[PDB]
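*Asks:* Structure in structure tokens, see below.
Cβ coordinates were reconstructed from backbone atoms using ideal geometry, including for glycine residues, and neighbour counts include every protein chain displayed. All of the numbers you see were taken from the coordinates with simple rules; none came from a lab.
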Amino acid sequence: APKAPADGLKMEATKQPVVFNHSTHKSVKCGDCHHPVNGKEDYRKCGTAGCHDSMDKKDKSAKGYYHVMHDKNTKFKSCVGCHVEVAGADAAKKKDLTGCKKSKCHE
Ligand code: HEC
Ligand code: HEC
Ligand code: HEC
Ligand code: HEC
């Protein structure tokens, strides 16, 4: 299989870039992020032309790339969404997991 990609996978599709890692979400199910679409599962980029490319930000619906990265009220687990569940009420983590500034995502 293609397995997980290398590390240092960052995405600069917005004025605020982010750096993701697969060696960190190893315990996380691939289907947890790479939600199934059409019933098929594949390893593609969220910001794929035709997937999450709304560049609206202020939309929060689905196409909102910046919505599937923060918005928690989504049909699927969101970055911050899951993070919120992970960090929960542990403090510090929610500042480096769901933190707006000075976090693991945004620095
Ligand atoms: C606190 C609730 C947060 C605020 C406010 C913002 N973020 Fe994030 N963020 C993350 C990713 C993966 C991206 C996309 C990277 C890319 O492709 O460019 C973003 C993007 C943004 C943006 C850009 C939208 C714009 O054009 O203004 C803004 C304004 C923004 N974020 C604000 C990832 C994460 C993340 C990882 C779990 C966290 C905790 C946050 N973002 C939290 C906030
Ligand atoms: C969220 C916690 C994720 C989990 C769990 C896994 N992946 Fe992932 N992967 C994620 C993102 C956000 C991205 C793209 C970054 C973006 O800007 O959206 C990726 C990318 C990949 C890719 C690259 C796409 C390609 O060109 O093929 C591959 C191959 C990939 N991911 C594989 C993969 C595997 C094998 C996973 C389980 C072992 C897995 N991912 C989990 C987010 C997340
Ligand atoms: C195209 C093949 C996609 C890729 C690659 C990813 N997503 Fe996606 N996602 C896609 C669609 C078409 C939809 C909505 C269904 C529709 O037709 O409208 C979604 C939805 C989400 C959601 C839910 C948002 C909500 O319900 O509020 C989330 C949280 C989400 N997607 C996240 C996400 C992540 C993290 C991805 C990379 C790991 C990713 N998506 C890739 C289409 C596609
Ligand atoms: C649960 C389904 C998750 C989803 C969806 C996303 N992440 Fe995550 N993340 C998760 C856990 C359990 C942890 C461990 C906490 C730790 O910091 O060790 C993390 C951690 C991160 C980190 C920090 C660690 C690192 O790898 O540098 C970052 C920067 C991070 N996560 C980013 C991230 C992004 C951008 C996501 C959406 C594309 C995302 N995570 C999804 C659990 C889950």
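*Asks:* For the structure I just gave you, tell me whether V80 is among the β-branched types (V, I, T) and part of a strand (DSSP E or B).
*Replies:* No: the conditions fail for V80.
*Asks:* Still on this structure, please answer the following. Can you spot a residue in the stretch 26-34 that is assigned to a loop (DSSP other than H, G, I, E, B), away from ligand 4 (no atom under 13 Å from the Cβ) and among the polar types (S, T, N, Q)?
*Replies:* no
*Asks:* Can you spot a residue in the stretch 2-16 that is within 11 Å of ligand 3 (Cβ to nearest atom) and within 10 Å of the chain's Cα centre (by Cα)?
*Replies:* no
*Asks:* Take the stretch 64-75 and flag every residue that is surrounded by 15 or more Cβ atoms within 10 Å (Cβ to Cβ) and either more than 13 Å from ligand 1 (Cβ to nearest atom) or not charged (D, E, K, R) (or both).
*Replies:* Correct list: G64, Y65, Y66, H67, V68, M69, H70, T74.
*Asks:* Please verify whether the stretch 41-58 includes one or more residues that are of a type in the set (A, V, I, L, M, F, W, C) and away from ligand 1 (no atom under 14 Å from the Cβ).
*Replies:* No, that holds for no residue.
*Asks:* Could you tell me which of the residues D32, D56 is over 13 Å from the mean Cα position of the chain (by Cα), of a type in the set (D, E) and either farther than 26 Å from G88 by Cβ or within 13 Å of ligand 2 (Cβ to nearest atom) (or both)?
*Replies:* Only one candidate qualifies: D56.
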